[PDB]
>>> print(open('data_9.cif').read())   # mmCIF, N, CA and C atoms
data_query
#
loop_
_atom_site.label_atom_id
_atom_site.label_comp_id
_atom_site.auth_asym_id
_atom_site.auth_seq_id
_atom_site.Cartn_x
_atom_site.Cartn_y
_atom_site.Cartn_z
N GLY A 1 -26.27 15.24 -19.64
CA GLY A 1 -25.90 14.03 -18.93
C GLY A 1 -25.34 14.32 -17.55
N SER A 2 -26.12 14.02 -16.52
CA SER A 2 -25.70 14.25 -15.14
C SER A 2 -25.29 12.95 -14.47
N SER A 3 -24.63 13.06 -13.32
CA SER A 3 -24.18 11.90 -12.58
C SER A 3 -24.05 12.21 -11.09
N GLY A 4 -24.95 11.64 -10.29
CA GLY A 4 -24.92 11.87 -8.86
C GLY A 4 -24.88 10.58 -8.06
N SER A 5 -25.74 9.64 -8.42
CA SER A 5 -25.81 8.35 -7.73
C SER A 5 -24.71 7.42 -8.22
N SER A 6 -24.17 6.61 -7.31
CA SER A 6 -23.11 5.67 -7.65
C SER A 6 -23.54 4.24 -7.37
N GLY A 7 -23.85 3.96 -6.10
CA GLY A 7 -24.27 2.63 -5.71
C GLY A 7 -23.12 1.76 -5.25
N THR A 8 -22.29 1.32 -6.19
CA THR A 8 -21.15 0.48 -5.87
C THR A 8 -20.39 1.02 -4.67
N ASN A 9 -19.90 0.11 -3.83
CA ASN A 9 -19.15 0.50 -2.64
C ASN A 9 -18.06 1.51 -2.98
N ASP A 10 -17.46 2.10 -1.96
CA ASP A 10 -16.39 3.08 -2.15
C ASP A 10 -15.08 2.39 -2.53
N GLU A 11 -15.06 1.77 -3.71
CA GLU A 11 -13.87 1.08 -4.18
C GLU A 11 -13.13 1.92 -5.22
N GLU A 12 -13.86 2.81 -5.88
CA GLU A 12 -13.28 3.68 -6.90
C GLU A 12 -12.24 4.61 -6.29
N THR A 13 -12.42 4.93 -5.01
CA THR A 13 -11.50 5.81 -4.30
C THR A 13 -10.35 5.03 -3.68
N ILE A 14 -10.65 3.83 -3.20
CA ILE A 14 -9.63 2.99 -2.58
C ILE A 14 -8.32 3.04 -3.37
N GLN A 15 -8.43 3.07 -4.69
CA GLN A 15 -7.26 3.12 -5.55
C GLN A 15 -6.61 4.50 -5.50
N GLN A 16 -7.43 5.54 -5.48
CA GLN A 16 -6.94 6.91 -5.43
C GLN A 16 -6.05 7.12 -4.21
N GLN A 17 -6.42 6.50 -3.10
CA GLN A 17 -5.66 6.62 -1.86
C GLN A 17 -4.32 5.89 -1.97
N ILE A 18 -4.37 4.65 -2.45
CA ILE A 18 -3.16 3.85 -2.60
C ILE A 18 -2.15 4.54 -3.51
N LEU A 19 -2.63 5.52 -4.27
CA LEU A 19 -1.77 6.26 -5.18
C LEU A 19 -1.01 7.36 -4.45
N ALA A 20 -1.70 8.03 -3.53
CA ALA A 20 -1.09 9.10 -2.75
C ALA A 20 0.18 8.62 -2.05
N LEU A 21 0.20 7.34 -1.69
CA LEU A 21 1.35 6.76 -1.01
C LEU A 21 2.59 6.82 -1.89
N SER A 22 2.43 6.50 -3.17
CA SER A 22 3.54 6.53 -4.11
C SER A 22 4.19 7.90 -4.15
N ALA A 23 3.38 8.94 -4.00
CA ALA A 23 3.88 10.31 -4.02
C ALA A 23 4.49 10.69 -2.67
N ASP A 24 4.66 9.69 -1.81
CA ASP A 24 5.23 9.92 -0.48
C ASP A 24 6.40 8.97 -0.23
N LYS A 25 7.40 9.45 0.50
CA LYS A 25 8.57 8.65 0.82
C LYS A 25 8.60 8.28 2.30
N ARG A 26 8.01 9.14 3.13
CA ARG A 26 7.96 8.90 4.57
C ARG A 26 7.25 7.59 4.88
N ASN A 27 6.35 7.19 4.00
CA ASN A 27 5.60 5.95 4.18
C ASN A 27 6.50 4.73 3.99
N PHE A 28 7.35 4.79 2.98
CA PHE A 28 8.27 3.69 2.69
C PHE A 28 9.20 3.44 3.87
N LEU A 29 9.57 4.51 4.57
CA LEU A 29 10.45 4.41 5.72
C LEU A 29 9.67 4.03 6.98
N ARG A 30 8.53 4.68 7.17
CA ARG A 30 7.69 4.42 8.33
C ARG A 30 7.30 2.95 8.40
N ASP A 31 7.34 2.38 9.60
CA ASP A 31 6.99 0.98 9.80
C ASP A 31 6.00 0.83 10.96
N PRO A 32 5.15 -0.20 10.87
CA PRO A 32 4.14 -0.48 11.90
C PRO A 32 4.76 -0.98 13.20
N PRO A 33 4.06 -0.75 14.32
CA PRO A 33 4.53 -1.17 15.64
C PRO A 33 4.48 -2.69 15.81
N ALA A 34 4.74 -3.15 17.03
CA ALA A 34 4.72 -4.57 17.33
C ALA A 34 3.34 -5.02 17.79
N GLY A 35 2.75 -4.26 18.70
CA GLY A 35 1.43 -4.59 19.20
C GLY A 35 0.48 -5.03 18.11
N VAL A 36 0.52 -4.33 16.98
CA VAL A 36 -0.34 -4.65 15.85
C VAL A 36 0.06 -5.97 15.20
N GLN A 37 -0.90 -6.89 15.10
CA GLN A 37 -0.64 -8.20 14.50
C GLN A 37 -0.82 -8.15 12.99
N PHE A 38 0.20 -7.67 12.29
CA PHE A 38 0.16 -7.57 10.83
C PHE A 38 1.00 -8.67 10.19
N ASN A 39 0.43 -9.86 10.06
CA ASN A 39 1.13 -10.99 9.46
C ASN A 39 1.26 -10.81 7.95
N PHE A 40 2.33 -10.14 7.53
CA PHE A 40 2.57 -9.90 6.12
C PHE A 40 3.63 -10.85 5.58
N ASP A 41 3.34 -11.48 4.45
CA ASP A 41 4.27 -12.42 3.83
C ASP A 41 4.85 -11.83 2.55
N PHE A 42 6.11 -11.42 2.62
CA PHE A 42 6.79 -10.83 1.46
C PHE A 42 6.69 -11.75 0.25
N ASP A 43 7.47 -12.83 0.26
CA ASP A 43 7.47 -13.79 -0.84
C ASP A 43 6.07 -13.92 -1.44
N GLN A 44 5.05 -13.78 -0.59
CA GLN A 44 3.67 -13.88 -1.04
C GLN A 44 3.24 -12.62 -1.78
N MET A 45 3.46 -11.47 -1.15
CA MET A 45 3.09 -10.19 -1.74
C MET A 45 4.26 -9.59 -2.52
N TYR A 46 5.28 -10.41 -2.76
CA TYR A 46 6.47 -9.96 -3.48
C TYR A 46 6.14 -9.72 -4.96
N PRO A 47 5.66 -10.77 -5.64
CA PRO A 47 5.30 -10.69 -7.05
C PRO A 47 4.05 -9.84 -7.29
N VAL A 48 3.04 -10.04 -6.46
CA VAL A 48 1.79 -9.30 -6.57
C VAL A 48 2.05 -7.79 -6.62
N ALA A 49 3.19 -7.38 -6.07
CA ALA A 49 3.56 -5.97 -6.05
C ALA A 49 4.08 -5.52 -7.41
N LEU A 50 4.63 -6.47 -8.17
CA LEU A 50 5.17 -6.17 -9.49
C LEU A 50 4.09 -5.59 -10.40
N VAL A 51 2.86 -6.08 -10.24
CA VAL A 51 1.74 -5.61 -11.05
C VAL A 51 1.35 -4.18 -10.67
N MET A 52 1.58 -3.82 -9.42
CA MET A 52 1.26 -2.49 -8.93
C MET A 52 2.31 -1.48 -9.39
N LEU A 53 3.49 -1.98 -9.74
CA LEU A 53 4.58 -1.12 -10.19
C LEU A 53 4.34 -0.64 -11.62
N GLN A 54 4.25 -1.59 -12.54
CA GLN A 54 4.02 -1.27 -13.95
C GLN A 54 2.88 -0.27 -14.10
N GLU A 55 1.78 -0.52 -13.39
CA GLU A 55 0.62 0.36 -13.44
C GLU A 55 0.94 1.72 -12.85
N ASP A 56 1.68 1.72 -11.75
CA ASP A 56 2.06 2.96 -11.08
C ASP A 56 3.55 3.24 -11.26
N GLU A 57 3.87 4.12 -12.20
CA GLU A 57 5.26 4.48 -12.47
C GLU A 57 5.89 5.16 -11.26
N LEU A 58 5.10 5.96 -10.56
CA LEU A 58 5.58 6.67 -9.38
C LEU A 58 6.00 5.69 -8.29
N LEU A 59 5.23 4.62 -8.14
CA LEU A 59 5.51 3.60 -7.13
C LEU A 59 6.80 2.85 -7.46
N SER A 60 7.13 2.78 -8.75
CA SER A 60 8.34 2.10 -9.20
C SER A 60 9.53 3.05 -9.21
N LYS A 61 9.47 4.05 -10.09
CA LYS A 61 10.54 5.03 -10.21
C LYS A 61 11.04 5.45 -8.83
N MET A 62 10.13 5.52 -7.87
CA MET A 62 10.47 5.92 -6.51
C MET A 62 11.14 4.77 -5.76
N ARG A 63 10.39 3.69 -5.56
CA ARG A 63 10.90 2.52 -4.85
C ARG A 63 12.35 2.25 -5.24
N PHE A 64 12.63 2.28 -6.54
CA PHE A 64 13.98 2.03 -7.04
C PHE A 64 14.97 3.01 -6.42
N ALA A 65 14.62 4.29 -6.42
CA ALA A 65 15.48 5.32 -5.85
C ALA A 65 15.32 5.40 -4.34
N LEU A 66 14.32 4.69 -3.82
CA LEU A 66 14.06 4.68 -2.38
C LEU A 66 14.36 3.31 -1.78
N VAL A 67 15.05 2.47 -2.55
CA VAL A 67 15.40 1.13 -2.09
C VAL A 67 16.47 0.51 -2.99
N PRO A 68 17.52 -0.04 -2.36
CA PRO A 68 17.65 -0.04 -0.90
C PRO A 68 17.91 1.35 -0.33
N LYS A 69 17.98 2.34 -1.22
CA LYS A 69 18.22 3.72 -0.81
C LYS A 69 17.66 3.98 0.59
N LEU A 70 16.44 3.50 0.83
CA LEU A 70 15.80 3.68 2.13
C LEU A 70 15.74 2.36 2.89
N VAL A 71 14.90 1.45 2.42
CA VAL A 71 14.75 0.14 3.05
C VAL A 71 14.93 -0.99 2.04
N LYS A 72 14.98 -2.22 2.54
CA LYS A 72 15.14 -3.38 1.69
C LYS A 72 13.87 -3.66 0.89
N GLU A 73 14.03 -4.03 -0.37
CA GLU A 73 12.90 -4.33 -1.24
C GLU A 73 11.78 -5.02 -0.45
N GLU A 74 12.17 -5.91 0.45
CA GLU A 74 11.21 -6.64 1.26
C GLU A 74 10.45 -5.70 2.19
N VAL A 75 11.18 -5.08 3.11
CA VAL A 75 10.58 -4.15 4.06
C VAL A 75 9.69 -3.14 3.35
N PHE A 76 10.22 -2.51 2.31
CA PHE A 76 9.48 -1.52 1.55
C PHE A 76 8.10 -2.05 1.17
N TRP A 77 8.07 -3.26 0.62
CA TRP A 77 6.81 -3.88 0.21
C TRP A 77 5.95 -4.21 1.43
N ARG A 78 6.56 -4.20 2.60
CA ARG A 78 5.85 -4.50 3.84
C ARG A 78 5.11 -3.27 4.36
N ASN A 79 5.86 -2.19 4.58
CA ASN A 79 5.28 -0.95 5.07
C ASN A 79 4.24 -0.41 4.09
N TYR A 80 4.58 -0.42 2.81
CA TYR A 80 3.68 0.07 1.77
C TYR A 80 2.31 -0.60 1.88
N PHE A 81 2.29 -1.92 1.77
CA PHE A 81 1.05 -2.68 1.85
C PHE A 81 0.32 -2.39 3.16
N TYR A 82 1.04 -2.50 4.27
CA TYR A 82 0.47 -2.25 5.59
C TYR A 82 -0.57 -1.13 5.52
N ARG A 83 -0.15 0.03 5.05
CA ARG A 83 -1.04 1.18 4.93
C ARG A 83 -2.18 0.89 3.97
N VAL A 84 -1.86 0.23 2.86
CA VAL A 84 -2.86 -0.11 1.85
C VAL A 84 -4.00 -0.92 2.47
N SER A 85 -3.67 -2.10 2.98
CA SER A 85 -4.67 -2.97 3.59
C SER A 85 -5.64 -2.17 4.46
N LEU A 86 -5.10 -1.18 5.17
CA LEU A 86 -5.91 -0.34 6.04
C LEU A 86 -6.94 0.44 5.23
N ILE A 87 -6.52 0.94 4.08
CA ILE A 87 -7.41 1.71 3.21
C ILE A 87 -8.54 0.83 2.67
N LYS A 88 -8.17 -0.30 2.08
CA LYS A 88 -9.15 -1.23 1.52
C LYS A 88 -10.09 -1.74 2.61
N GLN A 89 -9.51 -2.23 3.71
CA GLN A 89 -10.30 -2.75 4.82
C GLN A 89 -11.34 -1.73 5.27
N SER A 90 -10.90 -0.49 5.47
CA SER A 90 -11.79 0.57 5.91
C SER A 90 -13.13 0.50 5.18
N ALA A 91 -13.06 0.47 3.85
CA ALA A 91 -14.26 0.40 3.03
C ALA A 91 -15.35 -0.42 3.71
N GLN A 92 -14.96 -1.56 4.27
CA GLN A 92 -15.91 -2.44 4.95
C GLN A 92 -16.03 -2.06 6.43
N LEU A 93 -14.90 -2.03 7.12
CA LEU A 93 -14.88 -1.69 8.54
C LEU A 93 -15.89 -0.58 8.84
N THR A 94 -15.92 0.43 7.99
CA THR A 94 -16.84 1.55 8.17
C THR A 94 -18.23 1.21 7.64
N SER A 95 -18.67 -0.02 7.90
CA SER A 95 -19.98 -0.47 7.45
C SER A 95 -21.04 0.60 7.71
N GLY A 96 -21.09 1.08 8.95
CA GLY A 96 -22.06 2.10 9.31
C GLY A 96 -22.16 2.30 10.81
N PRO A 97 -22.97 1.46 11.46
CA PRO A 97 -23.18 1.53 12.91
C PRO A 97 -21.94 1.10 13.70
N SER A 98 -21.60 1.87 14.72
CA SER A 98 -20.43 1.57 15.55
C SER A 98 -20.85 1.04 16.91
N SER A 99 -20.36 -0.15 17.26
CA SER A 99 -20.69 -0.77 18.54
C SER A 99 -19.43 -1.31 19.22
N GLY A 100 -19.48 -1.41 20.54
CA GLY A 100 -18.35 -1.92 21.29
C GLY A 100 -17.50 -0.81 21.88
#
>>> encode(input="data_9.cif", output="structure tokens")
Amino acid sequence: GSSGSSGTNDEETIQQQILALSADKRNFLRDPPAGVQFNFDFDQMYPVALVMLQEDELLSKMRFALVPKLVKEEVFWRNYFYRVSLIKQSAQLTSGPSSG
């Protein structure tokens, strides 16, 4: 039984990347600049993050010891996602041909 072809977009990895973040603390502290228009709504992505915790013990066990240890539960959920959205978006952004 061999396996070479996949087909489905690069979504199987998107999750693998979002995991590497949990194993990092510099990300929780690091925050995006102003120029970048990242309209993030905590209260909105507040609960949705709870589901990512249970699944990812590292993301929880850490956040707890890294918050407010590091940043406010809110901010933490802000910087964290920020990087995430970039990973997921890429999947598409990198459609193929580059123009402009």
>>> resolve_selection(input="data_9.cif", expression="the PyMOL selection byres (((chain A and resi 56 and name CA) around 12) and name CA)", output="list in words")
residues 15, 16, 18, 19, 20, 21, 22, 23, 49, 50, 51, 52, 53, 54, 55, 57, 58, 59, 60, 61, 62 and 63 of chain A
>>> residues_around(input="data_9.cif", residues="residue 28 of chain A", least_positions_apart="5", cutoff="6.5 Å", atoms="all atoms listed in the file", output="list in words")
residues 71, 76, 79 and 80 of chain A
>>> closest_residue(input="data_9.cif", among="A:12, A:41, A:3, A:86", to="residue 74 of chain A", atoms="only C-alpha atoms")
A:41
>>> resolve_selection(input="data_9.cif", expression="the PyMOL selection byres (((chain A and resi 11 and name CA) around 12) and name CA)", output="count of residues only")
18
>>> atom_distance(input="data_9.cif", atom1="atom C of residue 66 of chain A", atom2="atom N of residue 81 of chain A")
13.6 Å
